[PDB]
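Engineer: You'll find model28.tsv just under this line, and it carries TSV, C-alpha atoms and all ligand atoms.
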chain	number	residue	atom	x	y	z
A	1	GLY	CA	-8.04	33.95	2.23
A	2	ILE	CA	-5.68	32.35	4.75
A	3	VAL	CA	-8.39	30.02	6.09
A	4	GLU	CA	-9.11	28.60	2.62
A	5	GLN	CA	-5.44	28.01	1.74
A	6	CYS	CA	-3.34	27.20	4.82
A	7	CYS	CA	-5.81	25.14	6.88
A	8	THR	CA	-7.30	22.84	4.24
A	9	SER	CA	-3.76	22.11	3.00
A	10	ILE	CA	-0.60	22.11	5.10
A	11	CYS	CA	1.23	25.41	4.58
A	12	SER	CA	5.01	25.55	4.69
A	13	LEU	CA	6.67	28.38	6.61
A	14	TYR	CA	7.01	30.43	3.42
A	15	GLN	CA	3.28	30.06	2.73
A	16	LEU	CA	2.83	31.70	6.14
A	17	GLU	CA	5.12	34.55	5.06
A	18	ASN	CA	2.56	35.82	2.53
A	19	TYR	CA	0.27	37.20	5.27
A	20	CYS	CA	2.97	39.29	6.96
A	21	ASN	CA	2.76	43.08	7.05
B	1	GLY	CA	22.43	23.87	23.86
B	2	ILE	CA	19.14	25.22	22.55
B	3	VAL	CA	18.03	26.58	25.93
B	4	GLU	CA	21.30	28.40	26.62
B	5	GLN	CA	21.29	30.30	23.31
B	6	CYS	CA	17.71	30.90	22.15
B	7	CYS	CA	16.34	31.66	25.63
B	8	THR	CA	18.86	34.48	26.11
B	9	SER	CA	18.72	35.98	22.61
B	10	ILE	CA	16.01	35.86	19.95
B	11	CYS	CA	16.89	33.12	17.47
B	12	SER	CA	16.44	33.67	13.74
B	13	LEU	CA	14.90	30.99	11.53
B	14	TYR	CA	18.32	29.81	10.36
B	15	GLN	CA	19.46	29.40	13.97
B	16	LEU	CA	16.37	27.29	14.66
B	17	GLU	CA	17.17	25.28	11.51
B	18	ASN	CA	20.54	24.37	13.06
B	19	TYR	CA	18.65	22.23	15.59
B	20	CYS	CA	16.68	20.30	12.95
B	21	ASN	CA	17.51	16.69	12.08
C	1	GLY	CA	0.91	49.42	20.62
C	2	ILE	CA	-0.46	46.12	21.89
C	3	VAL	CA	2.90	44.94	23.25
C	4	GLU	CA	3.62	48.17	25.14
C	5	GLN	CA	0.30	48.16	27.01
C	6	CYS	CA	-0.92	44.59	27.54
C	7	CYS	CA	2.55	43.16	28.29
C	8	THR	CA	3.04	45.63	31.17
C	9	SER	CA	-0.48	45.50	32.64
C	10	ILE	CA	-3.16	42.83	32.45
C	11	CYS	CA	-5.62	43.79	29.71
C	12	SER	CA	-9.36	43.38	30.23
C	13	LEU	CA	-11.56	41.91	27.51
C	14	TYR	CA	-12.69	45.37	26.38
C	15	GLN	CA	-9.06	46.47	26.02
C	16	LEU	CA	-8.40	43.42	23.85
C	17	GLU	CA	-11.52	44.29	21.84
C	18	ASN	CA	-9.92	47.66	21.01
C	19	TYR	CA	-7.40	45.78	18.84
C	20	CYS	CA	-10.05	43.88	16.86
C	21	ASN	CA	-10.89	44.78	13.27
D	1	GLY	CA	-21.17	19.04	29.96
D	2	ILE	CA	-18.62	21.39	28.43
D	3	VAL	CA	-17.29	18.72	26.06
D	4	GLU	CA	-20.76	18.07	24.60
D	5	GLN	CA	-21.59	21.76	24.08
D	6	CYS	CA	-18.47	23.84	23.32
D	7	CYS	CA	-16.43	21.38	21.23
D	8	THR	CA	-19.07	19.96	18.88
D	9	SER	CA	-20.27	23.53	18.22
D	10	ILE	CA	-18.13	26.67	18.29
D	11	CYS	CA	-18.65	28.44	21.62
D	12	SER	CA	-18.49	32.21	21.84
D	13	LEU	CA	-16.57	33.80	24.71
D	14	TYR	CA	-19.77	34.14	26.74
D	15	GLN	CA	-20.50	30.43	26.29
D	16	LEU	CA	-17.11	29.90	27.94
D	17	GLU	CA	-18.18	32.14	30.84
D	18	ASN	CA	-20.75	29.60	32.04
D	19	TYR	CA	-18.05	27.25	33.39
D	20	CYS	CA	-16.34	29.89	35.55
D	21	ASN	CA	-16.28	29.60	39.33
E	1	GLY	CA	-2.78	27.46	45.73
E	2	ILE	CA	-1.50	26.14	42.41
E	3	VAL	CA	-0.09	29.50	41.30
E	4	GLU	CA	1.78	30.14	44.55
E	5	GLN	CA	3.62	26.79	44.50
E	6	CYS	CA	4.15	25.64	40.91
E	7	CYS	CA	4.96	29.12	39.55
E	8	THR	CA	7.82	29.53	42.04
E	9	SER	CA	9.25	26.00	41.86
E	10	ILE	CA	9.04	23.36	39.13
E	11	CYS	CA	6.27	20.92	40.03
E	12	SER	CA	6.75	17.19	39.55
E	13	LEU	CA	4.01	15.05	38.02
E	14	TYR	CA	2.84	13.87	41.45
E	15	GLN	CA	2.52	17.48	42.62
E	16	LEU	CA	0.38	18.23	39.56
E	17	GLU	CA	-1.67	15.12	40.36
E	18	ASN	CA	-2.51	16.66	43.75
E	19	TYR	CA	-4.63	19.25	41.91
E	20	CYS	CA	-6.64	16.66	39.95
E	21	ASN	CA	-10.25	15.84	40.82
F	1	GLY	CA	6.50	5.85	14.99
F	2	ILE	CA	4.98	8.38	17.38
F	3	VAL	CA	2.64	9.79	14.71
F	4	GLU	CA	1.14	6.35	13.99
F	5	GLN	CA	0.59	5.45	17.66
F	6	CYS	CA	-0.14	8.54	19.79
F	7	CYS	CA	-2.19	10.65	17.36
F	8	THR	CA	-4.57	8.07	15.88
F	9	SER	CA	-5.27	6.82	19.42
F	10	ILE	CA	-5.19	8.89	22.59
F	11	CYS	CA	-1.88	8.30	24.38
F	12	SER	CA	-1.69	8.38	28.16
F	13	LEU	CA	1.20	10.23	29.80
F	14	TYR	CA	3.18	7.00	30.09
F	15	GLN	CA	2.76	6.35	26.36
F	16	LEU	CA	4.45	9.73	25.91
F	17	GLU	CA	7.32	8.57	28.15
F	18	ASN	CA	8.51	6.04	25.56
F	19	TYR	CA	9.91	8.77	23.28
F	20	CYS	CA	12.07	10.40	25.96
F	21	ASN	CA	15.85	10.42	25.70
G	1	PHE	CA	14.31	40.78	24.10
G	2	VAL	CA	12.76	37.41	24.95
G	3	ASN	CA	10.13	37.82	27.68
G	4	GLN	CA	8.34	40.43	25.57
G	5	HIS	CA	8.35	37.85	22.76
G	6	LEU	CA	6.79	35.36	25.19
G	7	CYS	CA	4.05	37.77	26.26
G	8	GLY	CA	3.33	38.67	22.64
G	9	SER	CA	3.03	34.96	21.90
G	10	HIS	CA	0.22	34.71	24.45
G	11	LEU	CA	-1.11	38.14	23.46
G	12	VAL	CA	-1.90	37.10	19.88
G	13	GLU	CA	-3.71	33.99	21.13
G	14	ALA	CA	-5.79	36.11	23.52
G	15	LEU	CA	-6.59	38.53	20.69
G	16	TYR	CA	-7.55	35.67	18.36
G	17	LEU	CA	-10.02	34.34	20.94
G	18	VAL	CA	-11.52	37.71	21.91
G	19	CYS	CA	-11.91	39.08	18.38
G	20	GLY	CA	-13.10	35.99	16.53
G	21	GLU	CA	-14.68	36.59	13.13
G	22	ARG	CA	-13.61	40.26	13.14
G	23	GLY	CA	-9.89	39.47	13.26
G	24	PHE	CA	-7.12	41.84	14.27
G	25	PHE	CA	-3.90	43.53	13.20
G	26	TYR	CA	-0.88	42.73	15.37
G	27	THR	CA	1.83	45.41	15.27
G	28	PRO	CA	4.73	44.99	17.73
G	29	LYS	CA	6.73	47.78	19.34
H	1	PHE	CA	0.92	40.98	37.37
H	2	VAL	CA	1.79	39.48	33.98
H	3	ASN	CA	4.48	36.81	34.35
H	4	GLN	CA	2.32	35.00	36.91
H	5	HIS	CA	-0.47	35.09	34.32
H	6	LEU	CA	1.96	33.55	31.81
H	7	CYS	CA	2.98	30.75	34.18
H	8	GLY	CA	-0.65	30.06	35.04
H	9	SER	CA	-1.37	29.84	31.31
H	10	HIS	CA	1.15	27.00	31.03
H	11	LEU	CA	0.12	25.62	34.42
H	12	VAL	CA	-3.47	24.90	33.35
H	13	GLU	CA	-2.22	23.13	30.21
H	14	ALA	CA	0.13	20.98	32.30
H	15	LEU	CA	-2.73	20.17	34.70
H	16	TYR	CA	-5.05	19.29	31.80
H	17	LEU	CA	-2.49	16.82	30.44
H	18	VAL	CA	-1.56	15.24	33.78
H	19	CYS	CA	-5.11	14.87	35.13
H	20	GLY	CA	-6.95	13.76	32.00
H	21	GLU	CA	-10.37	12.22	32.55
H	22	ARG	CA	-10.37	13.22	36.23
H	23	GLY	CA	-10.20	16.95	35.52
H	24	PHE	CA	-9.18	19.66	37.95
H	25	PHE	CA	-10.22	22.86	39.70
H	26	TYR	CA	-8.00	25.87	38.97
H	27	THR	CA	-8.09	28.52	41.69
H	28	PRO	CA	-5.59	31.40	41.35
H	29	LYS	CA	-3.97	33.32	44.19
I	1	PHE	CA	-11.05	10.38	20.04
I	2	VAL	CA	-7.88	12.47	19.88
I	3	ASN	CA	-9.74	15.40	18.31
I	4	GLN	CA	-11.74	15.62	21.54
I	5	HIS	CA	-8.50	15.90	23.51
I	6	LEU	CA	-7.23	18.68	21.23
I	7	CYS	CA	-10.35	20.86	21.60
I	8	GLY	CA	-10.38	20.21	25.34
I	9	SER	CA	-6.84	21.59	25.48
I	10	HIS	CA	-8.24	24.69	23.74
I	11	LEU	CA	-11.23	24.80	26.10
I	12	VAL	CA	-9.05	24.98	29.23
I	13	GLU	CA	-7.17	28.02	27.92
I	14	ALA	CA	-10.48	29.61	26.90
I	15	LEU	CA	-11.81	29.11	30.43
I	16	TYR	CA	-8.54	30.36	31.94
I	17	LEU	CA	-8.65	33.65	30.03
I	18	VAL	CA	-12.40	34.13	30.54
I	19	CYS	CA	-12.60	33.33	34.25
I	20	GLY	CA	-9.40	34.89	35.58
I	21	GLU	CA	-9.55	35.37	39.34
I	22	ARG	CA	-12.83	33.45	39.62
I	23	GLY	CA	-11.35	30.21	38.28
I	24	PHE	CA	-12.87	27.39	36.27
I	25	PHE	CA	-13.77	23.72	36.55
I	26	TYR	CA	-13.19	21.25	33.70
I	27	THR	CA	-15.40	18.15	33.97
I	28	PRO	CA	-15.72	16.09	30.78
I	29	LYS	CA	-16.89	13.03	32.74
J	1	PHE	CA	-16.76	24.12	12.39
J	2	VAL	CA	-14.63	23.90	15.54
J	3	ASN	CA	-11.76	22.29	13.63
J	4	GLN	CA	-11.51	25.53	11.64
J	5	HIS	CA	-11.15	27.47	14.90
J	6	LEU	CA	-8.39	25.13	16.11
J	7	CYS	CA	-6.25	25.48	12.97
J	8	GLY	CA	-6.83	29.23	12.97
J	9	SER	CA	-5.40	29.32	16.49
J	10	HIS	CA	-2.35	27.54	15.05
J	11	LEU	CA	-2.23	29.91	12.08
J	12	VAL	CA	-1.97	33.02	14.27
J	13	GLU	CA	1.07	31.64	16.10
J	14	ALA	CA	2.60	30.61	12.77
J	15	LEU	CA	2.16	34.16	11.46
J	16	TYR	CA	3.47	35.63	14.73
J	17	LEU	CA	6.73	33.65	14.57
J	18	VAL	CA	7.17	34.18	10.82
J	19	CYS	CA	6.44	37.91	10.65
J	20	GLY	CA	8.06	39.18	13.84
J	21	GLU	CA	8.61	42.94	13.71
J	22	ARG	CA	6.65	43.27	10.45
J	23	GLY	CA	3.41	41.99	11.97
J	24	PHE	CA	0.53	40.04	10.47
J	25	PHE	CA	-3.15	40.39	9.62
J	26	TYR	CA	-5.66	37.59	10.21
J	27	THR	CA	-8.79	37.94	8.04
J	28	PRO	CA	-10.90	34.78	7.72
J	29	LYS	CA	-13.94	36.81	6.60
K	1	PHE	CA	14.03	27.43	37.40
K	2	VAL	CA	10.66	28.36	35.89
K	3	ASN	CA	11.08	31.10	33.28
K	4	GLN	CA	13.63	28.94	31.44
K	5	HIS	CA	11.00	26.19	31.46
K	6	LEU	CA	8.54	28.67	29.95
K	7	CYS	CA	10.93	29.72	27.18
K	8	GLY	CA	11.75	26.09	26.43
K	9	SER	CA	8.02	25.42	26.18
K	10	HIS	CA	7.79	28.00	23.38
K	11	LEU	CA	11.18	26.95	22.00
K	12	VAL	CA	10.06	23.39	21.21
K	13	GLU	CA	6.96	24.71	19.44
K	14	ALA	CA	9.09	27.07	17.36
K	15	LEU	CA	11.45	24.21	16.50
K	16	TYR	CA	8.53	21.94	15.56
K	17	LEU	CA	7.22	24.56	13.13
K	18	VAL	CA	10.59	25.48	11.59
K	19	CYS	CA	11.89	21.92	11.16
K	20	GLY	CA	8.75	20.15	10.00
K	21	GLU	CA	9.27	16.74	8.39
K	22	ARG	CA	12.94	16.68	9.41
K	23	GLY	CA	12.21	16.79	13.14
K	24	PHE	CA	14.63	17.73	15.89
K	25	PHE	CA	16.34	16.60	19.08
K	26	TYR	CA	15.62	18.77	22.13
K	27	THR	CA	18.32	18.60	24.80
K	28	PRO	CA	17.99	21.04	27.72
K	29	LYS	CA	20.84	22.59	29.69
L	1	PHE	CA	-3.24	16.26	6.46
L	2	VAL	CA	-3.37	19.39	8.61
L	3	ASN	CA	-4.99	17.49	11.50
L	4	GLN	CA	-1.79	15.44	11.69
L	5	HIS	CA	0.23	18.66	12.05
L	6	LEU	CA	-2.05	19.90	14.84
L	7	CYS	CA	-1.74	16.74	16.96
L	8	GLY	CA	2.00	16.67	16.33
L	9	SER	CA	2.17	20.18	17.78
L	10	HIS	CA	0.40	18.75	20.84
L	11	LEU	CA	2.72	15.73	20.91
L	12	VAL	CA	5.87	17.86	21.15
L	13	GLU	CA	4.57	19.70	24.22
L	14	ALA	CA	3.49	16.38	25.74
L	15	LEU	CA	7.01	15.00	25.24
L	16	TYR	CA	8.56	18.23	26.56
L	17	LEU	CA	6.62	18.09	29.84
L	18	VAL	CA	7.08	14.32	30.25
L	19	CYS	CA	10.80	14.09	29.47
L	20	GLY	CA	12.15	17.24	31.10
L	21	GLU	CA	15.91	17.04	31.60
L	22	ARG	CA	16.16	13.79	29.62
L	23	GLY	CA	14.86	15.35	26.40
L	24	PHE	CA	12.85	13.91	23.54
L	25	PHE	CA	13.14	13.08	19.85
L	26	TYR	CA	10.32	13.74	17.37
L	27	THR	CA	10.59	11.58	14.23
L	28	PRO	CA	7.40	11.34	12.15
L	29	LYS	CA	9.37	10.21	9.08
M	1	LIG	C1	-15.27	31.47	7.36
M	1	LIG	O1	-16.05	30.65	7.88
M	1	LIG	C2	-14.12	31.02	6.48
M	1	LIG	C3	-14.65	30.55	5.13
M	1	LIG	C4	-13.99	29.23	4.75
M	1	LIG	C5	-14.26	28.21	5.84
M	1	LIG	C6	-13.90	26.81	5.38
M	1	LIG	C7	-14.24	25.77	6.45
M	1	LIG	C8	-14.01	24.37	5.89
M	1	LIG	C9	-14.37	23.29	6.90
M	1	LIG	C10	-13.14	22.70	7.57
M	1	LIG	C11	-12.41	21.74	6.64
M	1	LIG	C12	-11.02	21.37	7.15
M	1	LIG	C13	-11.05	20.77	8.55
M	1	LIG	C14	-9.64	20.65	9.13
M	2	LIG	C1	-16.12	11.80	27.38
M	2	LIG	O1	-15.60	11.02	26.55
M	2	LIG	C2	-16.98	12.96	26.95
M	2	LIG	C3	-18.33	12.46	26.46
M	2	LIG	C4	-18.69	13.15	25.15
M	2	LIG	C5	-17.60	12.88	24.13
M	2	LIG	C6	-18.04	13.28	22.73
M	2	LIG	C7	-16.98	12.94	21.70
M	2	LIG	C8	-17.52	13.21	20.30
M	2	LIG	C9	-16.51	12.85	19.22
M	2	LIG	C10	-15.82	14.09	18.66
M	2	LIG	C11	-16.74	14.85	17.70
M	2	LIG	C12	-16.20	16.23	17.36
M	2	LIG	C13	-14.79	16.21	16.77
M	2	LIG	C14	-14.20	17.61	16.69
M	3	LIG	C1	4.03	11.07	7.83
M	3	LIG	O1	3.21	11.61	7.05
M	3	LIG	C2	3.57	10.19	8.97
M	3	LIG	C3	3.07	8.86	8.44
M	3	LIG	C4	1.76	8.50	9.11
M	3	LIG	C5	0.75	9.61	8.86
M	3	LIG	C6	-0.65	9.18	9.24
M	3	LIG	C7	-1.68	10.26	8.92
M	3	LIG	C8	-3.08	9.73	9.16
M	3	LIG	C9	-4.15	10.76	8.82
M	3	LIG	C10	-4.71	11.43	10.07
M	3	LIG	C11	-5.68	10.52	10.80
M	3	LIG	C12	-6.02	11.03	12.20
M	3	LIG	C13	-6.60	12.44	12.19
M	3	LIG	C14	-6.68	13.01	13.61
M	4	LIG	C1	12.70	46.40	22.51
M	4	LIG	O1	13.87	46.82	22.40
M	4	LIG	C2	11.98	46.48	23.83
M	4	LIG	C3	11.79	47.94	24.24
M	4	LIG	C4	11.27	48.03	25.67
M	4	LIG	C5	12.41	48.08	26.67
M	4	LIG	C6	12.47	46.83	27.54
M	4	LIG	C7	13.18	47.12	28.86
M	4	LIG	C8	12.49	48.23	29.65
M	4	LIG	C9	12.95	48.20	31.10
M	4	LIG	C10	12.88	46.77	31.63
M	4	LIG	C11	14.06	46.33	32.48
M	4	LIG	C12	13.78	44.97	33.10
M	4	LIG	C13	14.73	43.90	32.57
M	4	LIG	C14	16.02	43.89	33.37
M	5	LIG	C1	-0.72	39.28	42.95
M	5	LIG	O1	-0.82	40.45	43.38
M	5	LIG	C2	0.59	38.54	43.02
M	5	LIG	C3	0.99	38.32	44.48
M	5	LIG	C4	2.41	37.78	44.56
M	5	LIG	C5	3.43	38.91	44.64
M	5	LIG	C6	4.30	38.98	43.40
M	5	LIG	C7	5.63	39.66	43.71
M	5	LIG	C8	6.40	38.95	44.81
M	5	LIG	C9	7.86	39.39	44.80
M	5	LIG	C10	8.40	39.34	43.38
M	5	LIG	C11	9.26	40.52	42.97
M	5	LIG	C12	9.89	40.26	41.60
M	5	LIG	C13	9.38	41.23	40.55
M	5	LIG	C14	10.20	42.51	40.57
M	6	LIG	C1	19.60	25.74	35.70
M	6	LIG	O1	20.02	25.62	36.87
M	6	LIG	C2	19.69	27.07	34.99
M	6	LIG	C3	21.15	27.45	34.78
M	6	LIG	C4	21.26	28.88	34.27
M	6	LIG	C5	21.35	29.88	35.42
M	6	LIG	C6	20.11	30.77	35.50
M	6	LIG	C7	20.44	32.07	36.21
M	6	LIG	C8	21.55	32.85	35.52
M	6	LIG	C9	21.56	34.29	35.99
M	6	LIG	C10	20.14	34.85	35.94
M	6	LIG	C11	19.73	35.70	37.13
M	6	LIG	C12	18.38	36.35	36.87
M	6	LIG	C13	17.31	35.83	37.83
M	6	LIG	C14	17.33	36.63	39.13
M	7	CL	CL	6.25	32.99	29.65
M	8	CL	CL	-5.69	21.63	17.57
M	9	ZN	ZN	4.55	31.44	27.65
M	10	ZN	ZN	-4.35	22.87	18.97
Could you show the structure in this file as structure tokens?
Structural biologist:
Amino acid sequence: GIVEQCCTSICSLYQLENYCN
Amino acid sequence: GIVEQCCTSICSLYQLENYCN
Amino acid sequence: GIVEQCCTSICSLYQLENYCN
Amino acid sequence: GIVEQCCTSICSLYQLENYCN
Amino acid sequence: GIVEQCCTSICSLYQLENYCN
Amino acid sequence: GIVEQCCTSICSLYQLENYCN
Amino acid sequence: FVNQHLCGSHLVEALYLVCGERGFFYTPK
Amino acid sequence: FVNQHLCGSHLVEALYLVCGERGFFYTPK
Amino acid sequence: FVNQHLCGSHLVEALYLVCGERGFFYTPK
Amino acid sequence: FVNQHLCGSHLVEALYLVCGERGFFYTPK
Amino acid sequence: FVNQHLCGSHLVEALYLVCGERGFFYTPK
Amino acid sequence: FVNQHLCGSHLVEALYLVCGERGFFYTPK
């Protein structure tokens, strides 16, 4: 999940892209 | 500047990158 | 959608709840 | 106070209602 | 109130201080 | 740097003024 | 358009607060 | 009205920063 | 504690959305 | 954990800017 | 002017996200 | 450290409001 990946480690912009529709 | 361009048209990620150091 | 409705009229908490999963 | 109740424990929306005028 | 003044003209830090407790 | 001064200790508004152009 | 982008920026934050654990799907116009 | 709501959203944040420990009362129009 | 300041900046926007026309008061001290 | 809520409120705006017209889904649970 | 101030408020946040470690210089009109 | 990123996102808005027409520079590294 996004909470367990992007908030316990800093996510780069691309790592945010994975949750886009 | 940044206000003149991106506050009149939506700026794409590359256009925002142009303002980075 | 959400932009068409709540960005033209103020949405009450129940109306925001309609967009929840 | 609000700082000692809603920020050391997650406050639901209703718990935010208590500080409304 | 605060909305009538500062949302029609840009408020300087002293004007914002006027609303502090 | 700003990260080592204003985020490990609460900076007052004036402490934010130092990084203005 | 820009002001719609601004309202959507606040709209997602409002939805995040209101929904909470349930979450939401944000589809723009 | 919506754009007033948007400005008030930024207005409370500006007041929170400026005031600090003193706090503030936010009364809308 | 800066973390206290960050959550307080989230608390003001939570009160703003919740209260609306009624308004809110933020009194940490 | 309130810190989780704070970062989640930063994650939604990160998804909003990144996705744009595509949209995003926020599912913590 | 106010709405330009509002867009610049979101513009700096967007720049902060996009740039990251590089940083940016924000000069208004 | 994500907490560093969160406060930095609060620092940029603090500089934006404080500086205004002068502008600000954000240089963590
Ligand atoms: C639902 O609660 C999501 C399940 C995973 C939650 C992880 C919470 C971890 C605690 C916070 C650690 C990082 C603090 C910035
Ligand atoms: C004035 O300082 C308010 C009095 C209570 C302050 C409590 C601060 C507790 C430290 C933070 C703990 C939680 C961190 C997210
Ligand atoms: C680049 O990484 C900046 C160098 C200094 C970083 C300090 C990070 C300290 C860890 C966070 C401590 C405070 C948490 C609110
Ligand atoms: C995307 O293209 C947005 C679609 C909605 C149309 C926006 C404009 C509708 C009429 C508003 C005019 C006010 C601005 C001068
Ligand atoms: C609440 O009802 C708001 C009261 C203030 C009136 C807002 C409109 C004043 C004139 C603005 C017109 C510009 C929008 C077309
Ligand atoms: C600072 O003075 C801003 C300079 C840019 C001018 C803003 C107005 C340009 C035309 C917009 C008119 C729409 C508002 C009625
Ligand atoms: Cl706005
Ligand atoms: Cl935060
Ligand atoms: Zn806004
Ligand atoms: Zn935050």
Engineer: Using CA of residue 16 in chain J and CA of residue 11 in chain C as the two end points, give the distance in Å to one decimal.
Structural biologist: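 It comes out at 19.3 Å.
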Engineer: For ligand LIG 3 (chain M), return the neighbouring residues as a PyMOL selection string (distance at most 7 Å; only C-alpha atoms and all ligand atoms).
Structural biologist: (chain F and resi 3-4+7-8) or (chain I and resi 2-3) or (chain L and resi 1+3-4+28-29)
Engineer: If you measure from CA of residue 19 in chain B to CA of residue 19 in chain K, what distance in Å do you get, rounded to one decimal?
Structural biologist: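 Going from CA of residue 19 in chain B over to CA of residue 19 in chain K, I get 8.1 Å.
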Engineer: Have a look at L:15, L:27, L:6, L:20 and name the one nearest to chain B; count all atoms listed in the file.
Structural biologist: L:27
Engineer: Output, as a PDB file with C-alpha atoms, keeping the file's coordinate frame, the coordinates of chain A following least-squares superposition onto chain D across all in-order C-alpha pairs.
Structural biologist:
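File written: result30.pdb
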ATOM      1  CA  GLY A   1     -21.172  19.040  29.966  1.00  0.00           C
ATOM      2  CA  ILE A   2     -18.611  21.398  28.428  1.00  0.00           C
ATOM      3  CA  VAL A   3     -17.289  18.716  26.055  1.00  0.00           C
ATOM      4  CA  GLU A   4     -20.758  18.067  24.599  1.00  0.00           C
ATOM      5  CA  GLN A   5     -21.588  21.759  24.073  1.00  0.00           C
ATOM      6  CA  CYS A   6     -18.476  23.834  23.324  1.00  0.00           C
ATOM      7  CA  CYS A   7     -16.433  21.378  21.231  1.00  0.00           C
ATOM      8  CA  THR A   8     -19.076  19.966  18.885  1.00  0.00           C
ATOM      9  CA  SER A   9     -20.266  23.534  18.215  1.00  0.00           C
ATOM     10  CA  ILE A  10     -18.127  26.667  18.289  1.00  0.00           C
ATOM     11  CA  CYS A  11     -18.647  28.440  21.620  1.00  0.00           C
ATOM     12  CA  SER A  12     -18.490  32.215  21.833  1.00  0.00           C
ATOM     13  CA  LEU A  13     -16.569  33.797  24.707  1.00  0.00           C
ATOM     14  CA  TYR A  14     -19.769  34.138  26.742  1.00  0.00           C
ATOM     15  CA  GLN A  15     -20.503  30.425  26.296  1.00  0.00           C
ATOM     16  CA  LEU A  16     -17.110  29.901  27.950  1.00  0.00           C
ATOM     17  CA  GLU A  17     -18.181  32.149  30.836  1.00  0.00           C
ATOM     18  CA  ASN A  18     -20.752  29.598  32.040  1.00  0.00           C
ATOM     19  CA  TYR A  19     -18.050  27.248  33.394  1.00  0.00           C
ATOM     20  CA  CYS A  20     -16.341  29.886  35.546  1.00  0.00           C
ATOM     21  CA  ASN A  21     -16.280  29.603  39.332  1.00  0.00           C
TER      22      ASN A  21
END
Engineer: Can you work out the spacing between CA of residue 25 in chain H and CA of residue 25 in chain I in Å, to one decimal?
Structural biologist: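 Taking CA of residue 25 in chain H as the start and CA of residue 25 in chain I as the end point, the length is 4.8 Å.
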Engineer: Any idea what's packed within 10 Å of residue 12 in chain D, counting all atoms listed in the file, ignoring anything in its chain fewer than 3 positions away? Could you give it as a list in words?
Structural biologist: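 Answer for this query is residues 6, 9, 15, 16 and 17 of chain D; 17, 18 and 20 of chain G; 14 of chain I.
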Engineer: Could you pull out the residues sitting within 10 Å of ligand ZN 9 (chain M), using only C-alpha atoms and all ligand atoms, and write them as a list in words?
Structural biologist: residues 3, 4, 5, 6, 7, 8, 9, 10 and 11 of chain G; 3, 5, 6, 7, 8, 9, 10 and 11 of chain H; 3, 5, 6, 7, 8, 9, 10 and 11 of chain K
Engineer: Take every atom of ligand LIG 2 (chain M) listed in the file, pad by 4 Å on each side, and give me the axis-aligned box centre and edge lengths in Å, one decimal, as AutoDock Vina command-line options.
Structural biologist:
--center_x -16.4 --center_y 14.3 --center_z 22.0 --size_x 12.5 --size_y 14.6 --size_z 18.7
